[PDB]
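Chain letters run A, B, ... following the sequence lines, proteins first and then strands; every chain starts at 1. Note: hydrogens, waters and symmetry copies are ignored here, and every other heavy atom, side chains too, is used.
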Amino acid sequence: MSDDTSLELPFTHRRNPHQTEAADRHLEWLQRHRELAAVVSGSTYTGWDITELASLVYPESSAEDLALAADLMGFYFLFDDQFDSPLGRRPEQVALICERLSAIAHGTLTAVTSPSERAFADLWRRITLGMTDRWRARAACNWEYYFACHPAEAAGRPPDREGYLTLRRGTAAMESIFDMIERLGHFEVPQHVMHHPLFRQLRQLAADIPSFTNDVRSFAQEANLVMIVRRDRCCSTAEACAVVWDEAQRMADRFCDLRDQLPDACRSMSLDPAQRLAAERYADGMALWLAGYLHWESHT
Amino acid sequence: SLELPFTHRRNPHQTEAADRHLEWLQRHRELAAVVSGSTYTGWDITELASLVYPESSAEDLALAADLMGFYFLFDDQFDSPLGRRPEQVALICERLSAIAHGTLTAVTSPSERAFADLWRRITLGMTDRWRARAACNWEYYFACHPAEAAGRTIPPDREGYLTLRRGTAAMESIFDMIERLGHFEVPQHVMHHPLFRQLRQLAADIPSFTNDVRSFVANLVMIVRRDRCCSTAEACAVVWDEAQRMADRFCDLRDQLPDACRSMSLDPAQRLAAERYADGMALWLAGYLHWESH
């Protein structure tokens, strides 16, 4: 698929005005976590364009919070790359590593003893600043979900669609990435907005879309939905790419239809003005995340 | 009847647990008094508990009965003729989530007193790490009720209906209880392995589907019939057949469990926990389905 083509949305991406300052802060973090960063070359790391990604996906965050987003995305890209290796083919070893990382999220790790553990403990300290213990409980469970999927990924080393997508939802870390909308916006969403079915659907759709578009973008290089569809349908490669892209487009359309229905949903619960504003900041945060992500993805 | 390749089991401690459950209802009289005596016993709650957690001790089976009784009694208060104001439901439910997270100032209402008892009993013996997920799943259940109350005012959209029902059915907390009533916690890379995540979602969804077919506009049969412009019989069949397909998939996945565990080189203790977890969901399904058919 052309890097020219984009998913259709009725709004465009935005870019954080603090991108340069946050990039400088991110470079300092990489220096403080040199052992973690050294697992790939400077050229590979720059190729990822991590600070560009952070700026597009959280475009309303402060300089300090944008730097945290950058550090976080760099951790995700570096963590996972560590398993593109013979270690990544040893699920029991992966399970030990990932159990220790979850223990950090839940406050039970006795001592940090690896570069990944040290980097994640720094990030987690910063992530939980200013957030309620109640928010922290869900954020910690979503980190555990992410870490805990990695042994299955290692065991996997052609899967069925449902198994593949179930694994992908975990390894994509989108639940934590959307938890960060609250932390980087300094607010917490009212529980009966968070769990209203309109909002639960916005979150699932915006979480799923990037996994679909990423698999189309990455198919050439590469456990990929385009391959699964091509096999299952016995169709051409270009046909399989279109099937996957078009399902992403259907999800995007449904996301936007539900966003149009948000004011009626809020009024139906008689939200007060502060609750209504939180609901909008949450929905808009997921929308701007998506638009920014898609722009980054088409330019790399 | 929904078909499974294994049968239900029944807890041998049913009578003792039922007596302990009657004592709990006596202690929470104001909550219990909200419905008639014939209506409550027409549910029989301890029968359900005995069938869906058939390997629990007497003491733990009593906790399961008290919990199931709470779900029915708590939800009854929102079953008014015209529905409760959603923002009033939101206040009620925010206070209950606060109990689960340890932040409620004072336990005041009958529902609050009952839930504080149940939550203390549920958390005893479990790690704070387990409690974080269990609390979040209680919070999910409580937090869905304002949306449910709004829905009473006006058939909903299918995807939105099933998104709501997954929350109000409380199946995530009900499966959290497999660990608490079994006195074990499952290894994280078993719990989040895609085989096990699908087992859990399938077993959570099946009872919502069969319950909607059995109870005759917020109902999946009505939604299907309207969307397909089909007959009542075709719509029931669509919903019932979908339930059967999910049960069939559940059992296929359960057949693949040994290979999945070996692929991760689980040790014997971890493998046993994986089996206890999967068997717990399987027995919950078989027992529920038996109870539902009477």
(request) Taking only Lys NZ, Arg NE, NH1 and NH2, and the carboxylate oxygens of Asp or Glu, determine whether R245(B) and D241(B) approach each other closer than 4.0 Å. (result) no
(message) Restricting to non-hydrogen atoms, name the atom on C98(A) and the atom on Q188(B) that form the minimum distance, rounded to 0.1 Å.
(response) O-NE2, 3.1 Å
(request) Classify the side-chain pair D122(A)/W29(A) by whether it contains a donor and acceptor separated by less than 3.5 Å. (result) yes
(message) Please determine whether side-chain hydrogen bond (donor to acceptor under 3.5 Å, both in side chains) holds for the pair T300(A) and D3(A), giving the CA-CA distance in whole Å, both sets of side-chain angles, and the decisive distance to 0.1 Å.
(response) CA-CA 9 Å; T300(A) 60; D3(A) 299 329; over 6 Å; no
(message) Between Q261(A) and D257(A), is there a side-chain donor-acceptor contact under 3.5 Å, judged purely by atom types and distance?
(response) no
(message) Among residues at least two apart in sequence or on other chains, which ones pass side chain to side chain contact (heavy atoms under 4.5 Å, CB included) with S43(A)?
(response) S41(A)
(message) Side chains of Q19(A) and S55(A): any donor to acceptor distance under 3.5 Å?
(response) yes
(request) Please examine the side chains of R267(A) and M269(A), heavy atoms only from C-beta on, and report whether any two atoms are closer than 4.5 Å. (result) no
(message) So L202(A) and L198(A), do their side chains get closer than 4.5 Å, heavy atoms only?
(response) yes
(message) Restricting to non-hydrogen atoms, name the atom on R231(A) and the atom on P159(A) that form the minimum distance, rounded to 0.1 Å.
(response) NH2-O, 2.9 Å
(request) Would you check if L271(A) and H192(A) make a side-chain contact, meaning some heavy-atom pair closer than 4.5 Å? (result) yes
(message) Please determine whether a side-chain nitrogen of the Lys or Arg among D284(A) and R14(A) lies less than 4.0 Å from a carboxylate oxygen of the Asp or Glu.
(response) no
(request) Evaluate the side-chain proximity of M194(A) to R138(A): yes if any heavy-atom separation is below 4.5 Å, no if none is. (result) yes
(request) State which residues pass side chain to side chain contact (heavy atoms under 4.5 Å, CB included) with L53(A); sequence neighbours excluded, sorted by chain then number. (result) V57(A), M73(A), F77(A), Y293(A), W296(A)
(message) Could you tell me if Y45(A) and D81(A) have a donor-acceptor pair between their side chains, going purely by distance under 3.5 Å?
(response) no
(request) To the nearest 0.5 angstrom, please state how far the CD atom of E117(A) sits from the CG atom of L36(A). (result) 11.5 Å
(request) Can you see which heavy atom on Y146(A) is nearest to which on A173(A), and at what distance? (result) CD1-CB, 3.6 Å
(request) Could you check if a side-chain atom of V40(A) sits within less than 4.5 angstrom of a side-chain atom of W48(A), using non-hydrogen atoms only? (result) yes
(message) So which atom in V224(B) and which in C230(B) form the shortest heavy-atom distance, rounded to 0.1 Å?
(response) O-SG, 4.3 Å
(message) If the threshold is 4.0 Å, N to carboxylate O, is there a salt bridge linking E234(B) and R228(B)?
(response) no
(message) With a sphere of 6.0 Å drawn around CZ of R203(A), does it hold more than 12 non-hydrogen atoms of other residues, nucleotides or ligands?
(response) yes
(request) Can you see which heavy atom on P210(A) is nearest to which on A207(A), and at what distance? (result) CD-O, 3.5 Å
(request) Kindly write out the residues that satisfy salt bridge (charged side-chain N to carboxylate O under 4.0 Å, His left out) with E242(B), not counting sequence neighbours, or none if the list is empty. (result) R158(B)
(request) Report yes if the side chains of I209(A) and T213(A) come closer than 4.5 Å at any heavy-atom pair, otherwise no. (result) yes
(message) Going by side chain to side chain contact (heavy atoms under 4.5 Å, CB included), name the residues that satisfy it together with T5(A), two or more places apart in sequence or in a different chain.
(response) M1(A), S2(A), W245(A)
(request) Using a cut-off of 6.0 Å, state whether more than 12 heavy atoms not belonging to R129(B) lie near its atom CZ. (result) yes
(request) Supply the atom-to-atom distance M131(A) CE to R136(A) CZ, rounded to the nearest 0.5 angstrom. (result) 11.5 Å
(message) Is there a side-chain contact between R126(A) and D71(A) in this structure, where contact means two heavy atoms from C-beta onward sitting under 4.5 Å apart?
(response) yes
(request) Would you please name every residue forming a ring-ring contact (aromatic ring centres under 6.0 Å, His included) with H295(A), sequence neighbours left out? (result) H13(A), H299(A)
(message) Testing the basics here: between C149(A) and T171(A), what is the closest heavy-atom pair and its distance to 0.1 Å?
(response) CB-CG2, 3.8 Å
(request) Test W289(A) against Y282(A) for ring-ring contact (aromatic ring centres under 6.0 Å, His included), laying out the working first. (result) CA-CA 11 Å; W289(A) 201 101; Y282(A) 177 46; over 10 Å; no
(message) With rounding to the nearest 0.5 angstrom, report the CG to CD1 distance, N142(A) to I177(A).
(response) 11.0 Å
(message) Between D205(B) and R165(B), does any side-chain N to carboxylate O distance fall below 4.0 Å?
(response) no
(message) Listing request: all salt bridge (charged side-chain N to carboxylate O under 4.0 Å, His left out) pairs with a residue in residues 42-65 of chain A, at least two apart in sequence or in separate chains.
(response) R15(A)-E52(A), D65(A)-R183(A)
(request) Answer with yes or no after comparing the ring centroid distance for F79(A) and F120(A) against a 6.0 Å cut-off, counting only values under it. (result) no
(message) Could you tell me if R169(A) and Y145(A) have a donor-acceptor pair between their side chains, going purely by distance under 3.5 Å?
(response) no
(message) A side-chain contact here means heavy atoms from C-beta on lying under 4.5 Å apart; do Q201(A) and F255(A) qualify?
(response) no
